[PDB]
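Here is the structure we will look at, set down as structure tokens.
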Amino acid sequence: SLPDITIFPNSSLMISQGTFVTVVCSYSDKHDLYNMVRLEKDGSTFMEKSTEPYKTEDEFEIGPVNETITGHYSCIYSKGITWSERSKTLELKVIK
């Protein structure tokens with residue numbers, strides 16, 4: 001194999017205007033328990049859908065991006081009104 005590189009901190013990403021972004025929400029171990037997944041942006045629901053029946057990843061394609069896409073994002077998995085769990089938060093900054 002070729003070498004790899006990883007840099008920290010990596011929670012804040014730069015994204016060019018007109019880019020297509022893919023957000024991959026994932027829930028190891030517990031995915032079958034939750035029937036909805038939502039992408040939260042800046043404290044409110046941005047996109048949502050039913051979870052995949054047979055994979056543990058749920059993708060949201062966001063593109064082409066503009067300035068409205070700048071913000072903080074997290075994935076929340078839920079069932080009904082009572083149960084929900086959230087991921088870490090990532091920051092996107094869209095640049096022109």
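We number each residue from 1, going along the chain as drawn.
Looking at the header, which is where the method is noted, we find X-ray crystallography, 1.8 Å.
Each Cβ is built from the backbone N, Cα and C atoms, and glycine gets one as well.
According to Swiss-Prot, the protein carries these features:
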| type | residues | note |
| --- | --- | --- |
| DOMAIN | 3-91 | domain 'Ig-like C2-type' |
| CARBOHYD | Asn10 | N-linked glycosylation site |
| DISULFID | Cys25-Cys75 | disulfide bond |
| CARBOHYD | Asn66 | N-linked glycosylation site |
Residue among the glycosylation sites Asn10, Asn66 whose Cβ has the most other Cβ atoms within 10 Å: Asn66
Rounded to the nearest Å - Cα separation of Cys75 (disulfide bond) and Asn66 (N-linked glycosylation site): 21
